[PDB]
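Chemist: So that you have it, the file is query00.cif, and it contains mmCIF, C-alpha atoms:
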```cif
data_protein
#
loop_
_atom_site.label_atom_id
_atom_site.label_comp_id
_atom_site.auth_asym_id
_atom_site.auth_seq_id
_atom_site.Cartn_x
_atom_site.Cartn_y
_atom_site.Cartn_z
CA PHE A 412 8.33 -16.75 18.20
CA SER A 413 4.94 -16.29 19.87
CA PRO A 414 3.68 -19.54 21.47
CA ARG A 415 0.08 -18.24 21.18
CA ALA A 416 0.16 -17.99 17.37
CA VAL A 417 -2.04 -19.90 14.92
CA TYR A 418 -1.33 -20.25 11.19
CA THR A 419 -3.77 -21.03 8.38
CA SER A 420 -4.13 -21.00 4.60
CA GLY A 421 -6.79 -19.13 2.67
CA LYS A 422 -8.83 -21.41 0.44
CA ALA A 423 -8.48 -24.60 2.51
CA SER A 424 -10.33 -22.93 5.42
CA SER A 425 -14.13 -23.01 5.44
CA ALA A 426 -16.57 -20.68 7.19
CA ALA A 427 -17.26 -23.25 9.91
CA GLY A 428 -13.57 -23.98 10.47
CA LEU A 429 -12.70 -20.34 11.10
CA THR A 430 -15.18 -19.25 13.78
CA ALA A 431 -17.02 -22.40 14.94
CA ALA A 432 -19.30 -25.19 13.73
CA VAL A 433 -22.47 -26.87 14.99
CA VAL A 434 -22.15 -30.66 15.05
CA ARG A 435 -24.45 -33.32 16.48
CA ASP A 436 -22.88 -35.36 19.28
CA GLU A 437 -23.06 -39.10 18.68
CA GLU A 438 -23.73 -40.24 22.25
CA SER A 439 -25.87 -37.37 23.55
CA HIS A 440 -28.09 -37.18 20.42
CA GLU A 441 -28.03 -33.37 20.64
CA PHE A 442 -26.17 -30.48 19.01
CA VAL A 443 -22.91 -29.02 20.35
CA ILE A 444 -20.32 -26.52 19.12
CA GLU A 445 -16.93 -27.50 17.72
CA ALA A 446 -14.36 -24.74 18.07
CA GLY A 447 -12.87 -22.84 15.15
CA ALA A 448 -9.42 -21.37 14.64
CA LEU A 449 -10.38 -17.85 15.72
CA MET A 450 -11.68 -18.89 19.13
CA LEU A 451 -8.67 -21.16 19.65
CA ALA A 452 -6.42 -18.17 18.91
CA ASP A 453 -8.01 -16.22 21.79
CA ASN A 454 -5.68 -13.57 23.26
CA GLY A 455 -3.15 -14.57 20.59
CA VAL A 456 -2.41 -13.87 16.94
CA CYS A 457 -3.95 -15.56 13.90
CA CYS A 458 -2.10 -15.53 10.57
CA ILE A 459 -3.91 -16.02 7.26
CA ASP A 460 -1.98 -16.73 4.06
CA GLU A 461 -3.40 -15.98 0.60
CA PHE A 462 -6.32 -13.98 1.95
CA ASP A 463 -7.43 -13.06 -1.58
CA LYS A 464 -8.31 -16.64 -2.55
CA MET A 465 -10.84 -16.83 0.29
CA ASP A 466 -14.46 -16.64 -0.80
CA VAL A 467 -16.63 -13.68 0.17
CA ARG A 468 -18.84 -16.12 2.08
CA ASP A 469 -15.89 -16.72 4.43
CA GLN A 470 -14.81 -13.10 4.83
CA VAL A 471 -18.36 -12.04 5.72
CA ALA A 472 -18.19 -14.59 8.54
CA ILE A 473 -14.85 -13.10 9.61
CA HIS A 474 -16.47 -9.62 9.65
CA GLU A 475 -17.98 -9.93 13.13
CA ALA A 476 -14.82 -11.23 14.81
CA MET A 477 -12.85 -8.49 13.05
CA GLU A 478 -14.59 -5.58 14.80
CA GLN A 479 -16.96 -6.72 17.55
CA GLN A 480 -14.27 -9.14 18.84
CA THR A 481 -16.98 -11.78 19.43
CA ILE A 482 -18.75 -14.42 17.34
CA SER A 483 -22.47 -15.20 17.61
CA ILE A 484 -24.14 -18.43 16.50
CA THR A 485 -27.92 -18.79 16.06
CA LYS A 486 -28.05 -22.07 14.15
CA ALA A 487 -30.37 -25.08 14.42
CA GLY A 488 -31.77 -24.26 17.84
CA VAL A 489 -28.31 -23.41 19.21
CA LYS A 490 -27.88 -19.84 20.46
CA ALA A 491 -24.53 -18.67 21.82
CA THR A 492 -21.93 -15.91 21.87
CA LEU A 493 -18.19 -16.54 22.16
CA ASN A 494 -15.14 -14.35 22.70
CA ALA A 495 -12.82 -13.89 19.71
CA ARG A 496 -10.17 -11.59 21.18
CA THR A 497 -7.59 -12.08 18.42
CA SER A 498 -5.18 -10.05 16.30
CA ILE A 499 -5.34 -10.88 12.59
CA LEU A 500 -2.29 -10.77 10.31
CA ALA A 501 -3.31 -11.23 6.67
CA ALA A 502 -1.09 -11.76 3.62
CA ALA A 503 -2.18 -11.21 0.02
CA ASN A 504 -1.16 -10.23 -3.50
CA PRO A 505 -2.80 -7.74 -5.89
CA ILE A 506 -5.03 -8.69 -8.78
CA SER A 507 -3.34 -10.93 -11.39
CA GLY A 508 -0.26 -11.09 -9.14
CA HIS A 509 1.34 -7.92 -10.54
CA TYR A 510 0.71 -4.30 -9.61
CA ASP A 511 -0.28 -2.78 -12.96
CA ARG A 512 0.57 0.93 -12.90
CA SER A 513 -1.65 1.49 -15.95
CA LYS A 514 -4.66 1.08 -13.63
CA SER A 515 -5.79 3.02 -10.58
CA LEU A 516 -4.80 2.02 -7.06
CA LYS A 517 -8.38 1.05 -6.18
CA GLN A 518 -8.63 -1.20 -9.24
CA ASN A 519 -5.48 -3.05 -8.09
CA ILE A 520 -7.04 -4.47 -4.89
CA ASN A 521 -10.07 -6.78 -5.04
CA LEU A 522 -11.25 -6.34 -1.46
CA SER A 523 -14.51 -5.09 -0.01
CA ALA A 524 -14.69 -1.62 1.52
CA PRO A 525 -15.38 -2.61 5.17
CA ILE A 526 -12.55 -5.16 5.07
CA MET A 527 -10.23 -2.44 3.77
CA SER A 528 -11.47 -0.15 6.55
CA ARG A 529 -11.05 -2.58 9.45
CA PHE A 530 -7.27 -3.07 9.13
CA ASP A 531 -5.26 -0.64 11.25
CA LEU A 532 -2.09 -0.99 9.16
CA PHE A 533 -2.27 -1.69 5.42
CA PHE A 534 1.11 -2.10 3.72
CA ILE A 535 1.58 -2.46 -0.04
CA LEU A 536 4.93 -3.73 -1.34
CA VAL A 537 6.18 -2.95 -4.85
CA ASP A 538 9.21 -4.67 -6.38
CA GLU A 539 11.73 -2.66 -8.41
CA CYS A 540 14.93 -3.51 -10.29
CA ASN A 541 17.84 -1.76 -8.56
CA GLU A 542 21.43 -3.00 -8.74
CA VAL A 543 22.35 -2.14 -5.14
CA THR A 544 19.24 -3.84 -3.75
CA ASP A 545 19.94 -6.87 -5.94
CA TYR A 546 23.52 -7.06 -4.65
CA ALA A 547 22.40 -6.76 -1.03
CA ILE A 548 19.68 -9.40 -1.39
CA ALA A 549 22.01 -11.81 -3.20
CA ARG A 550 24.82 -11.45 -0.68
CA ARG A 551 22.43 -11.88 2.26
CA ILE A 552 20.87 -15.01 0.77
CA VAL A 553 24.19 -16.61 -0.15
CA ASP A 554 25.71 -15.73 3.24
CA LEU A 555 22.76 -17.37 4.98
CA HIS A 556 23.06 -20.44 2.74
CA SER A 557 26.82 -20.80 3.34
CA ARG A 558 27.31 -19.38 6.86
CA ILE A 559 24.19 -20.50 8.71
CA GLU A 560 25.03 -19.63 12.32
CA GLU A 561 28.06 -17.31 12.27
CA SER A 562 26.12 -14.82 10.09
CA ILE A 563 23.58 -14.09 12.86
CA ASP A 564 24.10 -11.22 15.32
CA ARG A 565 21.18 -10.84 17.74
CA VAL A 566 21.29 -7.91 20.16
CA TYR A 567 18.95 -9.65 22.61
CA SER A 568 17.97 -13.28 23.13
CA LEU A 569 14.57 -14.44 21.91
CA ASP A 570 13.70 -15.66 25.41
CA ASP A 571 14.73 -12.26 26.78
CA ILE A 572 12.42 -10.58 24.26
CA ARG A 573 9.59 -12.90 25.33
CA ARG A 574 10.13 -12.14 29.03
CA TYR A 575 10.29 -8.40 28.39
CA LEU A 576 7.10 -8.50 26.31
CA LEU A 577 5.31 -10.49 29.02
CA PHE A 578 6.42 -7.98 31.66
CA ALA A 579 5.45 -4.99 29.52
CA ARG A 580 2.00 -6.16 28.42
CA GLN A 581 0.49 -5.78 31.90
CA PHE A 582 1.04 -2.01 32.15
CA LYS A 583 -1.81 0.32 31.17
CA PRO A 584 -0.51 3.80 30.29
CA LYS A 585 -2.58 6.95 30.71
CA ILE A 586 -3.08 9.55 27.98
CA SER A 587 -1.78 13.04 28.74
CA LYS A 588 -3.53 16.29 27.84
CA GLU A 589 -0.63 17.32 25.59
CA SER A 590 -0.92 13.97 23.83
CA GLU A 591 -4.67 14.58 23.68
CA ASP A 592 -4.55 17.89 21.83
CA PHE A 593 -1.63 16.74 19.68
CA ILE A 594 -3.73 13.75 18.58
CA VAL A 595 -6.69 16.05 17.94
CA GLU A 596 -4.70 18.37 15.67
CA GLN A 597 -2.89 15.51 13.91
CA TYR A 598 -6.18 13.78 13.13
CA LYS A 599 -7.58 17.12 11.96
CA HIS A 600 -4.74 17.50 9.46
CA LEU A 601 -4.84 13.85 8.38
CA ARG A 602 -8.60 13.63 7.81
CA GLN A 603 -8.73 17.02 6.07
CA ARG A 604 -6.92 15.30 3.18
CA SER A 613 -10.18 4.46 -1.58
CA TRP A 614 -8.95 3.68 1.94
CA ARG A 615 -11.05 6.36 3.60
CA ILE A 616 -10.04 7.57 7.06
CA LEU B 328 7.53 18.43 -17.14
CA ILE B 329 9.77 16.44 -19.50
CA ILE B 330 10.27 13.71 -16.90
CA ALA B 331 6.51 13.49 -16.41
CA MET B 332 6.15 13.24 -20.19
CA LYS B 333 8.67 10.39 -20.30
CA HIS B 334 6.77 8.56 -17.56
CA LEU B 335 3.55 8.98 -19.55
CA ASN B 336 5.22 7.59 -22.67
CA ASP B 337 6.52 4.61 -20.69
CA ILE B 338 3.22 3.76 -18.98
CA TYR B 339 1.10 4.28 -22.12
CA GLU B 340 3.18 2.76 -24.91
CA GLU B 341 3.31 5.14 -27.90
CA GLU B 342 0.12 7.09 -27.29
CA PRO B 343 -0.57 10.84 -27.39
CA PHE B 344 -1.46 12.98 -24.38
CA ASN B 345 -2.69 16.42 -23.33
CA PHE B 346 -1.98 19.06 -20.69
CA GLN B 347 -4.41 17.77 -18.05
CA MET B 348 -2.80 14.35 -17.53
CA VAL B 349 0.67 15.90 -17.23
CA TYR B 350 -0.63 18.46 -14.74
CA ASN B 351 -2.41 15.77 -12.70
CA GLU B 352 0.65 13.57 -12.39
CA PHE B 353 2.92 16.53 -11.63
CA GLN B 354 0.46 17.35 -8.84
CA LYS B 355 0.68 13.73 -7.69
CA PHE B 356 4.48 13.97 -7.57
CA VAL B 357 4.47 17.22 -5.61
CA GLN B 358 1.79 15.93 -3.21
CA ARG B 359 3.49 12.62 -2.39
CA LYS B 360 6.48 14.61 -1.15
CA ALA B 361 5.73 16.15 2.23
CA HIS B 362 6.49 19.87 1.90
CA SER B 363 8.76 20.46 -1.11
CA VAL B 364 8.88 24.01 -2.50
CA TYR B 365 7.00 23.48 -5.76
CA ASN B 366 3.68 25.19 -4.99
CA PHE B 367 2.79 26.50 -8.46
CA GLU B 368 -0.62 27.32 -9.90
CA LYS B 369 -2.14 26.37 -13.25
CA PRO B 370 -1.26 29.47 -15.35
CA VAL B 371 2.51 29.29 -14.83
CA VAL B 372 2.62 25.60 -15.75
CA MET B 373 0.47 26.42 -18.78
CA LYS B 374 2.96 29.10 -19.85
CA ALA B 375 5.84 26.65 -19.39
CA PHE B 376 4.02 24.13 -21.60
CA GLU B 377 3.46 26.84 -24.21
CA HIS B 378 7.18 27.65 -24.16
CA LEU B 379 8.06 23.97 -24.55
CA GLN B 380 5.74 23.71 -27.55
CA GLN B 381 7.30 26.91 -28.93
CA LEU B 382 10.77 25.36 -28.84
CA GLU B 383 9.35 22.59 -31.08
CA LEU B 384 10.18 19.65 -28.84
CA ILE B 385 6.47 18.75 -28.94
CA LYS B 386 4.33 18.67 -32.06
CA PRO B 387 0.54 18.51 -32.50
CA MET B 388 -1.29 15.79 -34.41
CA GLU B 389 -3.85 16.64 -37.11
CA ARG B 390 -3.59 20.36 -36.46
CA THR B 391 -6.77 22.33 -35.81
CA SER B 392 -7.72 25.42 -33.83
CA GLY B 393 -10.90 26.84 -32.36
CA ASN B 394 -12.60 23.45 -32.20
CA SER B 395 -9.93 22.26 -29.74
CA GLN B 396 -8.18 24.50 -27.22
CA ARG B 397 -4.53 24.28 -26.26
CA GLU B 398 -5.82 22.05 -23.49
CA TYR B 399 -7.22 18.64 -24.48
CA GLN B 400 -4.89 18.61 -27.50
CA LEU B 401 -3.04 15.46 -28.55
CA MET B 402 0.69 16.07 -28.03
CA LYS B 403 3.69 13.83 -28.65
CA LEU B 404 7.32 13.96 -27.54
CA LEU B 405 10.24 14.16 -29.98
CA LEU B 406 12.99 12.80 -27.72
CA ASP B 407 14.49 9.47 -26.70
CA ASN B 408 14.94 8.14 -23.17
CA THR B 409 18.72 7.78 -23.47
CA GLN B 410 18.95 11.38 -24.70
CA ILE B 411 17.03 12.58 -21.65
CA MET B 412 19.24 10.54 -19.31
CA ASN B 413 22.46 11.80 -20.90
CA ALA B 414 21.28 15.41 -20.83
CA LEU B 415 20.15 15.09 -17.20
CA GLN B 416 23.55 13.68 -16.23
CA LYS B 417 25.21 16.91 -17.40
CA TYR B 418 22.63 19.20 -15.79
CA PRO B 419 24.52 21.69 -13.55
CA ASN B 420 22.32 21.89 -10.46
CA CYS B 421 19.75 19.10 -10.76
CA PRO B 422 18.12 18.56 -7.34
CA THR B 423 18.16 15.12 -5.76
CA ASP B 424 14.37 14.75 -5.65
CA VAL B 425 13.82 15.29 -9.37
CA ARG B 426 16.73 12.96 -10.21
CA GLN B 427 15.29 10.15 -8.09
CA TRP B 428 11.83 10.74 -9.56
CA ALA B 429 13.36 10.43 -13.03
CA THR B 430 15.07 7.17 -12.04
CA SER B 431 11.83 5.78 -10.58
#
```
Can you present the structure in this file as structure tokens?
Modeler:
Amino acid sequence: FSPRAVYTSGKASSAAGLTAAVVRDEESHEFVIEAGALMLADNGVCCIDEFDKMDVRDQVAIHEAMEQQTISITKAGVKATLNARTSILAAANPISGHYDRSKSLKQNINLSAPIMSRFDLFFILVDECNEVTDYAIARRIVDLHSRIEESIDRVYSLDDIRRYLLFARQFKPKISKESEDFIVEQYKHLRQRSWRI
Amino acid sequence: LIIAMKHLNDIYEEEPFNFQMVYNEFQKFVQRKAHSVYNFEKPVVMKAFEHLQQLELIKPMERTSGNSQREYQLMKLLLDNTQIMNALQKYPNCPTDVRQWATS
């Protein structure tokens, strides 16, 4: 849907390939910077699949671009800072592939604390055996397989959604005082109660 | 309390239990729900557990007293899952929340 989207797999990506790399130019006999996925996804969205399989050495490199929105390189006499204004969408599974209810929630996710902290939305999906859900899923899948086009009812066109999103993104709303004190009290209540807030 | 006991028996296959684990997971159930009217303190739940033990649906293992309190005592259930389901089906005024928690 989004033309400014980049997709990547977990293990196949190295630390250099994500942010940037320092490579010697053949003709100039000097050192230059080859761009990584994050800086190519500038002002876009970057999707990572199987985030768990990534090594810690790669996630620690991601750390800076996650929060400070920029990436700094100080390697081999090359000093630079680059913009990494990206939104990260990560996909993963729990430890051993199954959510074991015999263990605590914290023990079911093998992720570092800052990484857990730096995601705004963290959704966990649990699969259950229910007959009505099974019937709905089966009928949807078979209907899609048999009736490819006539089984699609879209309220608005994808191009219309794109145009509306482009028009809407340029507005900058202001925060009202009522919204201000409502946010204050809501955060009071929320913080007064693993994934620390 | 019985539904919590069944969940404990399912999660931990054929192992005993005590009052504290049941209380903790009952607290978990009542805290996940936003504002349900089940705000009860420890003593009333303790009395309910004592009554349940009095009706002899729960029996101690390797009985002793003084050394071990009523708390921290290894209890076991004397019922089957299908019996609980069948009895709950005929319950007169079972609320929706407890029924769905039992199904879950």
Chemist: Using the chain letters and numbering of this document, enumerate as a list in words the residues selected by the PyMOL selection byres ((chain B) within 12 of (chain A)).
Modeler: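 Residues picked by the PyMOL selection byres ((chain B) within 12 of (chain A)): residues 334, 335, 336, 337, 338, 339, 340, 358, 430 and 431 of chain B.
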Chemist: Could you expand the PyMOL selection byres ((chain A and resi 519) around 10) into the explicit residues it covers here, written as a ChimeraX atom specification?
Modeler: /A:504-518,520-522
Chemist: Using only C-alpha atoms, which of A:501, A:416, A:559, A:433 sits nearest residue 454 in chain A?
Modeler: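 Selected residue with least distance to residue 454 in chain A: A:416.
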Chemist: Quick one, how far is CA of residue 481 in chain A from CA of residue 493 in chain A?
Modeler: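 We find that CA of residue 481 in chain A and CA of residue 493 in chain A lie 5.6 Å from each other.
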Chemist: Of the candidates A:561, A:535, A:595, A:444, which shows the shortest atom-to-atom distance to residue 492 in chain A, using all atoms listed in the file?
Modeler: A:444
Chemist: Using Å and a single decimal, report how far CA of residue 413 in chain A sits from CA of residue 565 in chain A.
Modeler: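 Going from CA of residue 565 in chain A over to CA of residue 413 in chain A covers 17.3 Å.
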Chemist: Determine the residue membership of the PyMOL selection byres ((chain A and resi 449) around 12) for the file above and supply it as a PDB file with C-alpha atoms, keeping the file's coordinate frame.
Modeler:
```pdb
ATOM      1  CA  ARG A 415       0.080 -18.240  21.180  1.00  0.00           C
ATOM      2  CA  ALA A 416       0.160 -17.990  17.370  1.00  0.00           C
ATOM      3  CA  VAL A 417      -2.040 -19.900  14.920  1.00  0.00           C
ATOM      4  CA  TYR A 418      -1.330 -20.250  11.190  1.00  0.00           C
ATOM      5  CA  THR A 419      -3.770 -21.030   8.380  1.00  0.00           C
ATOM      6  CA  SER A 424     -10.330 -22.930   5.420  1.00  0.00           C
ATOM      7  CA  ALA A 426     -16.570 -20.680   7.190  1.00  0.00           C
ATOM      8  CA  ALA A 427     -17.260 -23.250   9.910  1.00  0.00           C
ATOM      9  CA  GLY A 428     -13.570 -23.980  10.470  1.00  0.00           C
ATOM     10  CA  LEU A 429     -12.700 -20.340  11.100  1.00  0.00           C
ATOM     11  CA  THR A 430     -15.180 -19.250  13.780  1.00  0.00           C
ATOM     12  CA  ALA A 431     -17.020 -22.400  14.940  1.00  0.00           C
ATOM     13  CA  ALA A 432     -19.300 -25.190  13.730  1.00  0.00           C
ATOM     14  CA  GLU A 445     -16.930 -27.500  17.720  1.00  0.00           C
ATOM     15  CA  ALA A 446     -14.360 -24.740  18.070  1.00  0.00           C
ATOM     16  CA  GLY A 447     -12.870 -22.840  15.150  1.00  0.00           C
ATOM     17  CA  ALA A 448      -9.420 -21.370  14.640  1.00  0.00           C
ATOM     18  CA  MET A 450     -11.680 -18.890  19.130  1.00  0.00           C
ATOM     19  CA  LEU A 451      -8.670 -21.160  19.650  1.00  0.00           C
ATOM     20  CA  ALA A 452      -6.420 -18.170  18.910  1.00  0.00           C
ATOM     21  CA  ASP A 453      -8.010 -16.220  21.790  1.00  0.00           C
ATOM     22  CA  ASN A 454      -5.680 -13.570  23.260  1.00  0.00           C
ATOM     23  CA  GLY A 455      -3.150 -14.570  20.590  1.00  0.00           C
ATOM     24  CA  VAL A 456      -2.410 -13.870  16.940  1.00  0.00           C
ATOM     25  CA  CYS A 457      -3.950 -15.560  13.900  1.00  0.00           C
ATOM     26  CA  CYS A 458      -2.100 -15.530  10.570  1.00  0.00           C
ATOM     27  CA  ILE A 459      -3.910 -16.020   7.260  1.00  0.00           C
ATOM     28  CA  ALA A 472     -18.190 -14.590   8.540  1.00  0.00           C
ATOM     29  CA  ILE A 473     -14.850 -13.100   9.610  1.00  0.00           C
ATOM     30  CA  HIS A 474     -16.470  -9.620   9.650  1.00  0.00           C
ATOM     31  CA  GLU A 475     -17.980  -9.930  13.130  1.00  0.00           C
ATOM     32  CA  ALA A 476     -14.820 -11.230  14.810  1.00  0.00           C
ATOM     33  CA  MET A 477     -12.850  -8.490  13.050  1.00  0.00           C
ATOM     34  CA  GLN A 480     -14.270  -9.140  18.840  1.00  0.00           C
ATOM     35  CA  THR A 481     -16.980 -11.780  19.430  1.00  0.00           C
ATOM     36  CA  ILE A 482     -18.750 -14.420  17.340  1.00  0.00           C
ATOM     37  CA  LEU A 493     -18.190 -16.540  22.160  1.00  0.00           C
ATOM     38  CA  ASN A 494     -15.140 -14.350  22.700  1.00  0.00           C
ATOM     39  CA  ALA A 495     -12.820 -13.890  19.710  1.00  0.00           C
ATOM     40  CA  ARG A 496     -10.170 -11.590  21.180  1.00  0.00           C
ATOM     41  CA  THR A 497      -7.590 -12.080  18.420  1.00  0.00           C
ATOM     42  CA  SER A 498      -5.180 -10.050  16.300  1.00  0.00           C
ATOM     43  CA  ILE A 499      -5.340 -10.880  12.590  1.00  0.00           C
TER      44      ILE A 499
END
```
Chemist: Please indicate the distance in Å from CA of residue 386 in chain B to CA of residue 400 in chain B, rounded to one decimal place.
Modeler: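 So the two atoms, CA of residue 386 in chain B and CA of residue 400 in chain B, lie 10.3 Å apart.
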Chemist: Identify, on the basis of only C-alpha atoms, every residue whose closest approach to residue 329 in chain B does not exceed 10 Å; exclude the query and any residue fewer than 6 positions from it along the same chain; express the result as a PyMOL selection string.
Modeler: chain B and resi 335+349+376+379+384+404+406+411+429
Chemist: Compare B:395, B:369, B:425, B:388 by their minimum atom-to-atom distance to residue 343 in chain B, counting only C-alpha atoms, and give me the closest one.
Modeler: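 Among the listed residues, B:388 lies closest to residue 343 in chain B.
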Chemist: Taking (4.1, 22.9, -25.8) as a centre in this file's frame and 12 Å as the limit, can you find every polymer residue with an atom that close, using all atoms listed in the file, and give them as a VMD selection string?
Modeler: chain B and resid 328 to 329 332 344 to 346 349 372 to 387 397 to 398 400 to 405
Chemist: Using all atoms listed in the file for the distances, tell me which of A:423, A:572, A:594, A:552 is nearest to residue 466 in chain A.
Modeler: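 Selected residue with least distance to residue 466 in chain A: A:423.
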Chemist: Using only C-alpha atoms, which residues sit within 12 Å of residue 422 in chain A once same-chain residues fewer than 5 positions away are excluded, as a VMD selection string?
Modeler: chain A and resid 428 to 429 459 to 470
